file my_file38.txt (compact mmCIF, N, CA and C atoms)
# COMPACT_ATOMS: atom_id res chain seq x y z
N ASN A 1 -15.71 -14.60 -20.77
CA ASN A 1 -16.37 -15.22 -21.90
C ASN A 1 -17.62 -14.44 -22.29
N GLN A 2 -17.49 -13.13 -22.46
CA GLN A 2 -18.59 -12.26 -22.87
C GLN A 2 -18.04 -11.20 -23.81
N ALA A 3 -18.84 -10.16 -24.05
CA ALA A 3 -18.44 -9.07 -24.92
C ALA A 3 -17.75 -7.93 -24.19
N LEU A 4 -17.92 -7.83 -22.87
CA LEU A 4 -17.24 -6.85 -22.03
C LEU A 4 -17.60 -5.42 -22.45
N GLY A 5 -18.89 -5.10 -22.35
CA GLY A 5 -19.38 -3.81 -22.77
C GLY A 5 -19.52 -2.76 -21.68
N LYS A 6 -18.40 -2.40 -21.04
CA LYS A 6 -18.32 -1.30 -20.08
C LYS A 6 -19.11 -1.60 -18.81
N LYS A 7 -19.84 -2.71 -18.80
CA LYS A 7 -20.57 -3.16 -17.62
C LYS A 7 -20.04 -4.46 -17.06
N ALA A 8 -19.58 -5.37 -17.93
CA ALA A 8 -18.96 -6.60 -17.46
C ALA A 8 -17.55 -6.35 -16.94
N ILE A 9 -16.84 -5.39 -17.52
CA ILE A 9 -15.49 -5.08 -17.05
C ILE A 9 -15.53 -4.40 -15.68
N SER A 10 -16.47 -3.47 -15.49
CA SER A 10 -16.64 -2.86 -14.17
C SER A 10 -17.06 -3.90 -13.15
N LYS A 11 -17.94 -4.82 -13.54
CA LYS A 11 -18.33 -5.91 -12.65
C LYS A 11 -17.14 -6.79 -12.30
N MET A 12 -16.27 -7.06 -13.28
CA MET A 12 -15.10 -7.90 -13.01
C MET A 12 -14.13 -7.18 -12.08
N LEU A 13 -13.98 -5.87 -12.23
CA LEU A 13 -13.14 -5.11 -11.30
C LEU A 13 -13.72 -5.13 -9.90
N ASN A 14 -15.04 -4.98 -9.78
CA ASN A 14 -15.68 -5.03 -8.47
C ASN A 14 -15.51 -6.40 -7.82
N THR A 15 -15.68 -7.47 -8.60
CA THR A 15 -15.50 -8.82 -8.06
C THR A 15 -14.04 -9.07 -7.68
N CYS A 16 -13.10 -8.56 -8.47
CA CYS A 16 -11.69 -8.71 -8.12
C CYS A 16 -11.36 -8.00 -6.82
N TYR A 17 -11.92 -6.80 -6.61
CA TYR A 17 -11.72 -6.13 -5.33
C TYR A 17 -12.35 -6.93 -4.19
N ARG A 18 -13.60 -7.37 -4.38
CA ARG A 18 -14.32 -8.00 -3.28
C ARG A 18 -13.77 -9.38 -2.92
N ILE A 19 -13.13 -10.06 -3.86
CA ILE A 19 -12.68 -11.44 -3.65
C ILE A 19 -11.20 -11.49 -3.27
N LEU A 20 -10.35 -10.74 -3.97
CA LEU A 20 -8.91 -10.82 -3.77
C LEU A 20 -8.38 -9.78 -2.79
N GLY A 21 -8.56 -8.49 -3.08
CA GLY A 21 -7.97 -7.46 -2.24
C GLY A 21 -7.82 -6.11 -2.92
N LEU A 22 -6.73 -5.40 -2.63
CA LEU A 22 -6.50 -4.06 -3.16
C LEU A 22 -5.31 -3.99 -4.11
N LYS A 23 -4.17 -4.55 -3.73
CA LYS A 23 -3.04 -4.61 -4.66
C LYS A 23 -3.35 -5.44 -5.91
N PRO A 24 -3.90 -6.66 -5.81
CA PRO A 24 -4.22 -7.40 -7.04
C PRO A 24 -5.18 -6.67 -7.96
N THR A 25 -6.19 -5.98 -7.41
CA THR A 25 -7.12 -5.28 -8.29
C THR A 25 -6.50 -4.02 -8.88
N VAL A 26 -5.57 -3.39 -8.17
CA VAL A 26 -4.85 -2.25 -8.74
C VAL A 26 -4.01 -2.70 -9.93
N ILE A 27 -3.26 -3.80 -9.75
CA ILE A 27 -2.45 -4.33 -10.84
C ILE A 27 -3.34 -4.78 -11.99
N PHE A 28 -4.49 -5.38 -11.67
CA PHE A 28 -5.41 -5.84 -12.69
C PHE A 28 -5.98 -4.67 -13.49
N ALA A 29 -6.33 -3.58 -12.81
CA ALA A 29 -6.83 -2.40 -13.51
C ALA A 29 -5.77 -1.80 -14.42
N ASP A 30 -4.53 -1.72 -13.93
CA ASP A 30 -3.45 -1.19 -14.76
C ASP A 30 -3.23 -2.06 -15.99
N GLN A 31 -3.21 -3.39 -15.81
CA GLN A 31 -3.03 -4.29 -16.94
C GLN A 31 -4.19 -4.21 -17.92
N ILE A 32 -5.41 -4.08 -17.40
CA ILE A 32 -6.58 -3.94 -18.26
C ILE A 32 -6.46 -2.68 -19.11
N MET A 33 -6.05 -1.57 -18.49
CA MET A 33 -5.96 -0.32 -19.24
C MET A 33 -4.85 -0.38 -20.28
N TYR A 34 -3.71 -0.98 -19.92
CA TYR A 34 -2.64 -1.22 -20.88
C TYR A 34 -3.12 -2.03 -22.08
N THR A 35 -3.74 -3.18 -21.83
CA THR A 35 -4.14 -4.05 -22.93
C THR A 35 -5.28 -3.44 -23.74
N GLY A 36 -6.17 -2.69 -23.09
CA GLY A 36 -7.23 -2.02 -23.83
C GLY A 36 -6.68 -0.98 -24.79
N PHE A 37 -5.74 -0.15 -24.31
CA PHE A 37 -5.11 0.82 -25.20
C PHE A 37 -4.38 0.12 -26.34
N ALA A 38 -3.62 -0.93 -26.02
CA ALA A 38 -2.83 -1.61 -27.04
C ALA A 38 -3.72 -2.22 -28.12
N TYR A 39 -4.78 -2.92 -27.72
CA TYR A 39 -5.62 -3.59 -28.70
C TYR A 39 -6.59 -2.64 -29.39
N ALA A 40 -6.93 -1.50 -28.78
CA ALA A 40 -7.65 -0.47 -29.50
C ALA A 40 -6.78 0.13 -30.60
N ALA A 41 -5.49 0.33 -30.31
CA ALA A 41 -4.57 0.77 -31.35
C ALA A 41 -4.41 -0.28 -32.44
N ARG A 42 -4.31 -1.56 -32.05
CA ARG A 42 -4.16 -2.63 -33.03
C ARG A 42 -5.38 -2.73 -33.94
N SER A 43 -6.58 -2.61 -33.37
CA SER A 43 -7.80 -2.78 -34.16
C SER A 43 -7.93 -1.72 -35.24
N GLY A 44 -7.43 -0.51 -34.99
CA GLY A 44 -7.56 0.55 -35.97
C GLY A 44 -8.99 0.98 -36.21
N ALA A 45 -9.78 1.11 -35.15
CA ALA A 45 -11.16 1.55 -35.29
C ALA A 45 -11.22 2.98 -35.80
N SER A 46 -12.15 3.23 -36.72
CA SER A 46 -12.29 4.55 -37.32
C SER A 46 -13.76 4.80 -37.64
N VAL A 47 -14.12 6.07 -37.70
CA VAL A 47 -15.49 6.49 -37.99
C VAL A 47 -15.51 7.20 -39.34
N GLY A 48 -16.34 6.70 -40.25
CA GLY A 48 -16.46 7.24 -41.58
C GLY A 48 -17.88 7.68 -41.89
N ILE A 49 -18.05 8.21 -43.11
CA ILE A 49 -19.36 8.68 -43.53
C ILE A 49 -20.28 7.53 -43.94
N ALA B 1 9.91 0.37 -1.96
CA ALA B 1 8.79 1.30 -2.09
C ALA B 1 7.46 0.57 -1.91
N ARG B 2 6.51 1.25 -1.27
CA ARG B 2 5.19 0.69 -1.00
C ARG B 2 4.16 1.45 -1.82
N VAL B 3 3.62 0.80 -2.85
CA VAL B 3 2.58 1.42 -3.66
C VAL B 3 1.28 1.52 -2.88
N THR B 4 0.93 0.48 -2.13
CA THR B 4 -0.29 0.44 -1.34
C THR B 4 0.06 0.09 0.10
N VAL B 5 -0.78 0.55 1.03
CA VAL B 5 -0.50 0.40 2.45
C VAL B 5 -1.55 -0.50 3.11
N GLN B 6 -2.13 -1.40 2.32
CA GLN B 6 -3.17 -2.28 2.86
C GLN B 6 -2.62 -3.21 3.94
N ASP B 7 -1.40 -3.72 3.75
CA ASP B 7 -0.80 -4.57 4.77
C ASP B 7 -0.58 -3.80 6.07
N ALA B 8 -0.12 -2.55 5.97
CA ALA B 8 0.00 -1.72 7.16
C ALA B 8 -1.36 -1.45 7.78
N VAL B 9 -2.39 -1.29 6.95
CA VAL B 9 -3.75 -1.10 7.46
C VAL B 9 -4.19 -2.32 8.26
N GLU B 10 -3.93 -3.52 7.75
CA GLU B 10 -4.39 -4.73 8.40
C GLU B 10 -3.50 -5.17 9.56
N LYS B 11 -2.28 -4.64 9.67
CA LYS B 11 -1.45 -4.96 10.83
C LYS B 11 -2.06 -4.39 12.11
N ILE B 12 -2.39 -3.10 12.09
CA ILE B 12 -3.23 -2.48 13.11
C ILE B 12 -4.32 -1.70 12.38
N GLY B 13 -5.57 -2.06 12.63
CA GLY B 13 -6.64 -1.58 11.76
C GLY B 13 -7.37 -0.34 12.21
N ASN B 14 -6.89 0.82 11.76
CA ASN B 14 -7.70 2.04 11.79
C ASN B 14 -7.61 2.89 10.54
N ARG B 15 -6.53 2.78 9.75
CA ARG B 15 -6.24 3.64 8.60
C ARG B 15 -5.98 5.07 9.08
N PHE B 16 -6.15 5.31 10.38
CA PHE B 16 -5.91 6.61 10.98
C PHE B 16 -4.81 6.57 12.03
N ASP B 17 -4.80 5.55 12.89
CA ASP B 17 -3.73 5.43 13.87
C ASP B 17 -2.40 5.05 13.23
N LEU B 18 -2.42 4.33 12.11
CA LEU B 18 -1.17 3.97 11.45
C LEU B 18 -0.45 5.21 10.95
N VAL B 19 -1.19 6.25 10.56
CA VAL B 19 -0.55 7.50 10.16
C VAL B 19 0.24 8.09 11.32
N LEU B 20 -0.36 8.11 12.51
CA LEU B 20 0.33 8.63 13.68
C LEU B 20 1.54 7.78 14.05
N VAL B 21 1.38 6.45 14.02
CA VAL B 21 2.48 5.56 14.39
C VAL B 21 3.64 5.71 13.41
N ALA B 22 3.34 5.74 12.11
CA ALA B 22 4.38 5.89 11.11
C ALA B 22 5.03 7.26 11.17
N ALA B 23 4.26 8.31 11.48
CA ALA B 23 4.85 9.63 11.66
C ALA B 23 5.81 9.65 12.84
N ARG B 24 5.42 9.02 13.95
CA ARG B 24 6.30 8.95 15.11
C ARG B 24 7.58 8.19 14.78
N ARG B 25 7.45 7.04 14.11
CA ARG B 25 8.62 6.25 13.76
C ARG B 25 9.52 7.00 12.77
N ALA B 26 8.91 7.69 11.80
CA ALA B 26 9.69 8.47 10.85
C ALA B 26 10.42 9.61 11.54
N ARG B 27 9.78 10.25 12.51
CA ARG B 27 10.48 11.27 13.29
C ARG B 27 11.66 10.66 14.03
N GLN B 28 11.46 9.49 14.65
CA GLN B 28 12.55 8.84 15.37
C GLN B 28 13.73 8.54 14.45
N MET B 29 13.45 8.01 13.26
CA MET B 29 14.51 7.64 12.33
C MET B 29 15.06 8.82 11.54
N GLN B 30 14.40 9.97 11.55
CA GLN B 30 14.81 11.12 10.75
C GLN B 30 15.55 12.17 11.56
N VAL B 31 15.04 12.52 12.75
CA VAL B 31 15.72 13.52 13.56
C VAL B 31 17.00 12.96 14.17
N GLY B 32 17.19 11.65 14.14
CA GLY B 32 18.36 11.01 14.68
C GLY B 32 18.04 10.15 15.89
N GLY B 33 19.07 9.49 16.40
CA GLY B 33 18.92 8.63 17.55
C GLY B 33 18.06 7.41 17.33
N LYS B 34 18.08 6.85 16.12
CA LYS B 34 17.33 5.64 15.80
C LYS B 34 17.80 5.13 14.45
N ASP B 35 17.78 3.81 14.30
CA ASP B 35 18.16 3.16 13.05
C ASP B 35 17.04 2.23 12.60
N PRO B 36 16.83 2.10 11.29
CA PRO B 36 15.75 1.22 10.82
C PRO B 36 16.00 -0.23 11.21
N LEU B 37 14.92 -0.92 11.55
CA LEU B 37 14.98 -2.34 11.89
C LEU B 37 14.75 -3.23 10.68
N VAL B 38 14.59 -2.65 9.50
CA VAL B 38 14.37 -3.37 8.25
C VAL B 38 15.43 -2.87 7.27
N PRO B 39 15.96 -3.72 6.39
CA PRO B 39 17.01 -3.26 5.47
C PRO B 39 16.59 -2.03 4.68
N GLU B 40 17.50 -1.06 4.59
CA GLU B 40 17.22 0.23 3.98
C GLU B 40 17.51 0.15 2.48
N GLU B 41 16.50 0.42 1.67
CA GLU B 41 16.60 0.33 0.21
C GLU B 41 16.69 1.70 -0.44
N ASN B 42 17.44 2.62 0.17
CA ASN B 42 17.71 3.96 -0.34
C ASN B 42 16.44 4.80 -0.46
N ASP B 43 15.33 4.29 0.07
CA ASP B 43 14.07 5.02 0.05
C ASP B 43 13.93 5.89 1.30
N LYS B 44 12.93 6.76 1.28
CA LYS B 44 12.74 7.73 2.34
C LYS B 44 12.26 7.05 3.63
N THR B 45 12.35 7.79 4.73
CA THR B 45 12.02 7.23 6.04
C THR B 45 10.54 6.91 6.17
N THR B 46 9.68 7.60 5.41
CA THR B 46 8.24 7.34 5.48
C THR B 46 7.93 5.89 5.11
N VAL B 47 8.40 5.45 3.95
CA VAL B 47 8.13 4.08 3.52
C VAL B 47 8.91 3.07 4.34
N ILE B 48 10.06 3.47 4.91
CA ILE B 48 10.78 2.56 5.80
C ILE B 48 9.95 2.28 7.05
N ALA B 49 9.36 3.33 7.63
CA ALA B 49 8.48 3.14 8.78
C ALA B 49 7.25 2.33 8.40
N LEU B 50 6.69 2.59 7.21
CA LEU B 50 5.52 1.84 6.78
C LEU B 50 5.84 0.36 6.59
N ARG B 51 7.01 0.05 6.02
CA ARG B 51 7.42 -1.34 5.86
C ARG B 51 7.72 -2.00 7.20
N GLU B 52 8.27 -1.24 8.15
CA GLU B 52 8.45 -1.77 9.50
C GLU B 52 7.10 -2.11 10.14
N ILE B 53 6.11 -1.25 9.95
CA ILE B 53 4.76 -1.53 10.45
C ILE B 53 4.20 -2.78 9.78
N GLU B 54 4.37 -2.88 8.45
CA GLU B 54 3.78 -3.99 7.71
C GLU B 54 4.40 -5.33 8.11
N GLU B 55 5.72 -5.37 8.31
CA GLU B 55 6.39 -6.60 8.71
C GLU B 55 6.18 -6.94 10.19
N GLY B 56 5.49 -6.09 10.95
CA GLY B 56 5.02 -6.45 12.27
C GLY B 56 5.96 -6.18 13.43
N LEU B 57 7.08 -5.50 13.21
CA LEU B 57 8.02 -5.20 14.28
C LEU B 57 7.97 -3.74 14.71
N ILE B 58 6.91 -3.02 14.33
CA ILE B 58 6.70 -1.65 14.80
C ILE B 58 5.20 -1.46 15.03
N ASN B 59 4.83 -1.10 16.26
CA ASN B 59 3.45 -0.79 16.59
C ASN B 59 3.46 0.17 17.78
N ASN B 60 2.27 0.46 18.31
CA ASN B 60 2.17 1.42 19.41
C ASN B 60 2.75 0.85 20.70
N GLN B 61 2.40 -0.40 21.02
CA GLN B 61 2.80 -0.97 22.31
C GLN B 61 4.32 -1.07 22.43
N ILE B 62 4.98 -1.64 21.42
CA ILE B 62 6.42 -1.81 21.51
C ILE B 62 7.13 -0.47 21.42
N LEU B 63 6.56 0.50 20.70
CA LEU B 63 7.12 1.85 20.71
C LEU B 63 7.07 2.45 22.11
N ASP B 64 5.95 2.26 22.81
CA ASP B 64 5.84 2.78 24.17
C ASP B 64 6.82 2.09 25.11
N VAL B 65 6.94 0.76 25.01
CA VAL B 65 7.88 0.07 25.89
C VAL B 65 9.33 0.44 25.55
N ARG B 66 9.62 0.75 24.28
CA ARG B 66 10.95 1.23 23.92
C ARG B 66 11.20 2.61 24.52
N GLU B 67 10.20 3.48 24.48
CA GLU B 67 10.32 4.77 25.14
C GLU B 67 10.62 4.59 26.62
N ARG B 68 9.92 3.66 27.27
CA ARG B 68 10.15 3.40 28.69
C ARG B 68 11.56 2.86 28.93
N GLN B 69 12.03 1.97 28.06
CA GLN B 69 13.34 1.34 28.27
C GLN B 69 14.47 2.36 28.14
N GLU B 70 14.46 3.14 27.05
CA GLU B 70 15.40 4.26 26.93
C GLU B 70 15.21 5.35 27.98
N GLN B 71 14.02 5.51 28.55
CA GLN B 71 13.88 6.47 29.64
C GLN B 71 14.53 5.94 30.92
N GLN B 72 14.36 4.65 31.20
CA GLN B 72 14.95 4.06 32.40
C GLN B 72 16.46 3.90 32.27
N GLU B 73 16.96 3.72 31.04
CA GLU B 73 18.40 3.58 30.84
C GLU B 73 19.14 4.84 31.24
N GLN B 74 18.60 6.01 30.90
CA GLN B 74 19.22 7.28 31.24
C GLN B 74 18.77 7.75 32.62

call {"tool": "encode", "arguments": {"input": "my_file38.txt", "output": "structure tokens"}}
result
Amino acid sequence: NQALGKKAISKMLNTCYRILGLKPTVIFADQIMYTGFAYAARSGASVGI
Amino acid sequence: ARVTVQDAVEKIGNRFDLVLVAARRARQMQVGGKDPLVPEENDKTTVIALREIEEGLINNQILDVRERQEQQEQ
């Protein structure tokens, strides 16, 4: 429930490792990277003048 | 297939001795004169030995007593 600005996501990965384990956080990181790529493509972010 | 070996790490905890144990078991199952104690899923002997370690039926002590038993048999 935040903006997830490259610091909350790293914190969430650290908490997932410290609380759950190694396989769940590996799967979580893979899913995060998948969904980040997918929704970055969906958003269509672009830089203009 | 085993993506991560954390269960094998926690079965006997060194992250270093498990390499030796799994290498010994893989040698036993690869050079011959041994069959896997866990169902074989067409994967290589390395992960078969690792899965045997993870499921708890392969460790140093029982490997040594198996060596002794086959030594006394012959």

call {"tool": "residues_around", "arguments": {"input": "my_file38.txt", "residues": "residue 34 of chain B", "least_positions_apart": "3", "cutoff": "12 Å", "atoms": "only C-alpha atoms", "output": "NGL selection string"}}
result
:B and (24-31 or 37 or 45 or 49 or 63 or 66-67 or 70)

call {"tool": "closest_residue", "arguments": {"input": "my_file38.txt", "among": "B:58, B:71, B:48, B:3", "to": "chain A", "atoms": "all atoms listed in the file"}}
result
B:3

call {"tool": "atom_distance", "arguments": {"input": "my_file38.txt", "atom1": "atom CA of residue 9 of chain B", "atom2": "atom CA of residue 53 of chain B"}}
result
9.0 Å

call {"tool": "axis_aligned_box", "arguments": {"input": "my_file38.txt", "around": "segment 48-56 of chain B", "padding_each_side": "5 Å", "output": "lines of an AutoDock Vina configuration file"}}
result
center_x = 7.3
center_y = -1.7
center_z = 9.2
size_x = 17.0
size_y = 20.4
size_z = 18.5

call {"tool": "atom_distance", "arguments": {"input": "my_file38.txt", "atom1": "atom N of residue 65 of chain B", "atom2": "atom CA of residue 18 of chain B"}}
result
16.1 Å

call {"tool": "select_by_dssp", "arguments": {"input": "my_file38.txt", "residues": "chain A", "states": "alpha helix (DSSP H)", "output": "PyMOL selection string"}}
result
chain A and resi 8-19+23-43

call {"tool": "residues_around", "arguments": {"input": "my_file38.txt", "residues": "segment 21-32 of chain A", "least_positions_apart": "6", "cutoff": "12 Å", "atoms": "only C-alpha atoms", "output": "PDB file with N, CA and C atoms, in the coordinates of the input"}}
result
ATOM      1  N   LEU A   4     -17.920  -7.830 -22.870  1.00  0.00           N
ATOM      2  CA  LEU A   4     -17.240  -6.850 -22.030  1.00  0.00           C
ATOM      3  C   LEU A   4     -17.600  -5.420 -22.450  1.00  0.00           C
ATOM      4  N   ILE A   9     -16.840  -5.390 -17.520  1.00  0.00           N
ATOM      5  CA  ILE A   9     -15.490  -5.080 -17.050  1.00  0.00           C
ATOM      6  C   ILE A   9     -15.530  -4.400 -15.680  1.00  0.00           C
ATOM      7  N   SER A  10     -16.470  -3.470 -15.490  1.00  0.00           N
ATOM      8  CA  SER A  10     -16.640  -2.860 -14.170  1.00  0.00           C
ATOM      9  C   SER A  10     -17.060  -3.900 -13.150  1.00  0.00           C
ATOM     10  N   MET A  12     -16.270  -7.060 -13.280  1.00  0.00           N
ATOM     11  CA  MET A  12     -15.100  -7.900 -13.010  1.00  0.00           C
ATOM     12  C   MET A  12     -14.130  -7.180 -12.080  1.00  0.00           C
ATOM     13  N   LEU A  13     -13.980  -5.870 -12.230  1.00  0.00           N
ATOM     14  CA  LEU A  13     -13.140  -5.110 -11.300  1.00  0.00           C
ATOM     15  C   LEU A  13     -13.720  -5.130  -9.900  1.00  0.00           C
ATOM     16  N   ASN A  14     -15.040  -4.980  -9.780  1.00  0.00           N
ATOM     17  CA  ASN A  14     -15.680  -5.030  -8.470  1.00  0.00           C
ATOM     18  C   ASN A  14     -15.510  -6.400  -7.820  1.00  0.00           C
ATOM     19  N   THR A  15     -15.680  -7.470  -8.600  1.00  0.00           N
ATOM     20  CA  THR A  15     -15.500  -8.820  -8.060  1.00  0.00           C
ATOM     21  C   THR A  15     -14.040  -9.070  -7.680  1.00  0.00           C
ATOM     22  N   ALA A  38      -3.620  -0.930 -26.020  1.00  0.00           N
ATOM     23  CA  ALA A  38      -2.830  -1.610 -27.040  1.00  0.00           C
ATOM     24  C   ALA A  38      -3.720  -2.220 -28.120  1.00  0.00           C
ATOM     25  N   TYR A  39      -4.780  -2.920 -27.720  1.00  0.00           N
ATOM     26  CA  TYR A  39      -5.620  -3.590 -28.700  1.00  0.00           C
ATOM     27  C   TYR A  39      -6.590  -2.640 -29.390  1.00  0.00           C
ATOM     28  N   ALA A  40      -6.930  -1.500 -28.780  1.00  0.00           N
ATOM     29  CA  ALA A  40      -7.650  -0.470 -29.500  1.00  0.00           C
ATOM     30  C   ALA A  40      -6.780   0.130 -30.600  1.00  0.00           C
TER      31      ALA A  40
ATOM     32  N   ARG B   2       6.510   1.250  -1.270  1.00  0.00           N
ATOM     33  CA  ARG B   2       5.190   0.690  -1.000  1.00  0.00           C
ATOM     34  C   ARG B   2       4.160   1.450  -1.820  1.00  0.00           C
ATOM     35  N   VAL B   3       3.620   0.800  -2.850  1.00  0.00           N
ATOM     36  CA  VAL B   3       2.580   1.420  -3.660  1.00  0.00           C
ATOM     37  C   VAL B   3       1.280   1.520  -2.880  1.00  0.00           C
ATOM     38  N   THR B   4       0.930   0.480  -2.130  1.00  0.00           N
ATOM     39  CA  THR B   4      -0.290   0.440  -1.340  1.00  0.00           C
ATOM     40  C   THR B   4       0.060   0.090   0.100  1.00  0.00           C
ATOM     41  N   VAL B   5      -0.780   0.550   1.030  1.00  0.00           N
ATOM     42  CA  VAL B   5      -0.500   0.400   2.450  1.00  0.00           C
ATOM     43  C   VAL B   5      -1.550  -0.500   3.110  1.00  0.00           C
ATOM     44  N   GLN B   6      -2.130  -1.400   2.320  1.00  0.00           N
ATOM     45  CA  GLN B   6      -3.170  -2.280   2.860  1.00  0.00           C
ATOM     46  C   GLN B   6      -2.620  -3.210   3.940  1.00  0.00           C
ATOM     47  N   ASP B   7      -1.400  -3.720   3.750  1.00  0.00           N
ATOM     48  CA  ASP B   7      -0.800  -4.570   4.770  1.00  0.00           C
ATOM     49  C   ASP B   7      -0.580  -3.800   6.070  1.00  0.00           C
ATOM     50  N   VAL B   9      -2.390  -1.290   6.950  1.00  0.00           N
ATOM     51  CA  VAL B   9      -3.750  -1.100   7.460  1.00  0.00           C
ATOM     52  C   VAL B   9      -4.190  -2.320   8.260  1.00  0.00           C
ATOM     53  N   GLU B  10      -3.930  -3.520   7.750  1.00  0.00           N
ATOM     54  CA  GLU B  10      -4.390  -4.730   8.400  1.00  0.00           C
ATOM     55  C   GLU B  10      -3.500  -5.170   9.560  1.00  0.00           C
TER      56      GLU B  10
END

call {"tool": "atom_distance", "arguments": {"input": "my_file38.txt", "atom1": "atom CA of residue 33 of chain A", "atom2": "atom N of residue 43 of chain B"}}
result
29.1 Å

call {"tool": "build_atoms", "arguments": {"input": "my_file38.txt", "residues": "segment 52-68 of chain B", "atoms": "N, CA, C and O atoms", "output": "mmCIF file, in the frame of the given file"}}
result
data_model
loop_
_atom_site.group_PDB
_atom_site.id
_atom_site.type_symbol
_atom_site.label_atom_id
_atom_site.label_comp_id
_atom_site.auth_asym_id
_atom_site.auth_seq_id
_atom_site.Cartn_x
_atom_site.Cartn_y
_atom_site.Cartn_z
ATOM 1 N N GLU B 52 8.270 -1.240 8.150
ATOM 2 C CA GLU B 52 8.450 -1.770 9.500
ATOM 3 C C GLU B 52 7.100 -2.110 10.140
ATOM 4 O O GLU B 52 6.965 -3.142 10.804
ATOM 5 N N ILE B 53 6.110 -1.250 9.950
ATOM 6 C CA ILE B 53 4.760 -1.530 10.450
ATOM 7 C C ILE B 53 4.200 -2.780 9.780
ATOM 8 O O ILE B 53 3.620 -3.651 10.432
ATOM 9 N N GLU B 54 4.370 -2.880 8.450
ATOM 10 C CA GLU B 54 3.780 -3.990 7.710
ATOM 11 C C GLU B 54 4.400 -5.330 8.110
ATOM 12 O O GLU B 54 3.682 -6.326 8.258
ATOM 13 N N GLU B 55 5.720 -5.370 8.310
ATOM 14 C CA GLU B 55 6.390 -6.600 8.710
ATOM 15 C C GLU B 55 6.180 -6.940 10.190
ATOM 16 O O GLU B 55 6.666 -7.982 10.637
ATOM 17 N N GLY B 56 5.490 -6.090 10.950
ATOM 18 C CA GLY B 56 5.020 -6.450 12.270
ATOM 19 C C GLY B 56 5.960 -6.180 13.430
ATOM 20 O O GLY B 56 5.653 -6.599 14.556
ATOM 21 N N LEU B 57 7.080 -5.500 13.210
ATOM 22 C CA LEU B 57 8.020 -5.200 14.280
ATOM 23 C C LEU B 57 7.970 -3.740 14.710
ATOM 24 O O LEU B 57 8.893 -3.275 15.374
ATOM 25 N N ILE B 58 6.910 -3.020 14.330
ATOM 26 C CA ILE B 58 6.700 -1.650 14.800
ATOM 27 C C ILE B 58 5.200 -1.460 15.030
ATOM 28 O O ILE B 58 4.398 -1.654 14.115
ATOM 29 N N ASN B 59 4.830 -1.100 16.260
ATOM 30 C CA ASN B 59 3.450 -0.790 16.590
ATOM 31 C C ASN B 59 3.460 0.170 17.780
ATOM 32 O O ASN B 59 4.515 0.639 18.211
ATOM 33 N N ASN B 60 2.270 0.460 18.310
ATOM 34 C CA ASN B 60 2.170 1.420 19.410
ATOM 35 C C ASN B 60 2.750 0.850 20.700
ATOM 36 O O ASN B 60 3.505 1.526 21.404
ATOM 37 N N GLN B 61 2.400 -0.400 21.020
ATOM 38 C CA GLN B 61 2.800 -0.970 22.310
ATOM 39 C C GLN B 61 4.320 -1.070 22.430
ATOM 40 O O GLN B 61 4.900 -0.633 23.429
ATOM 41 N N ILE B 62 4.980 -1.640 21.420
ATOM 42 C CA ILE B 62 6.420 -1.810 21.510
ATOM 43 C C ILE B 62 7.130 -0.470 21.420
ATOM 44 O O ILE B 62 8.196 -0.286 22.015
ATOM 45 N N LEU B 63 6.560 0.500 20.700
ATOM 46 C CA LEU B 63 7.120 1.850 20.710
ATOM 47 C C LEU B 63 7.070 2.450 22.110
ATOM 48 O O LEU B 63 8.036 3.076 22.561
ATOM 49 N N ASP B 64 5.950 2.260 22.810
ATOM 50 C CA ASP B 64 5.840 2.780 24.170
ATOM 51 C C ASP B 64 6.820 2.090 25.110
ATOM 52 O O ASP B 64 7.474 2.743 25.937
ATOM 53 N N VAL B 65 6.940 0.760 25.010
ATOM 54 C CA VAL B 65 7.880 0.070 25.890
ATOM 55 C C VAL B 65 9.330 0.440 25.550
ATOM 56 O O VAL B 65 10.187 0.467 26.438
ATOM 57 N N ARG B 66 9.620 0.750 24.280
ATOM 58 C CA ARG B 66 10.950 1.230 23.920
ATOM 59 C C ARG B 66 11.200 2.610 24.520
ATOM 60 O O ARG B 66 12.305 2.896 25.008
ATOM 61 N N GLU B 67 10.200 3.480 24.480
ATOM 62 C CA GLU B 67 10.320 4.770 25.140
ATOM 63 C C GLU B 67 10.620 4.590 26.620
ATOM 64 O O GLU B 67 11.495 5.262 27.178
ATOM 65 N N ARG B 68 9.920 3.660 27.270
ATOM 66 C CA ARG B 68 10.150 3.400 28.690
ATOM 67 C C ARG B 68 11.560 2.860 28.930
ATOM 68 O O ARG B 68 12.209 3.221 29.919
#
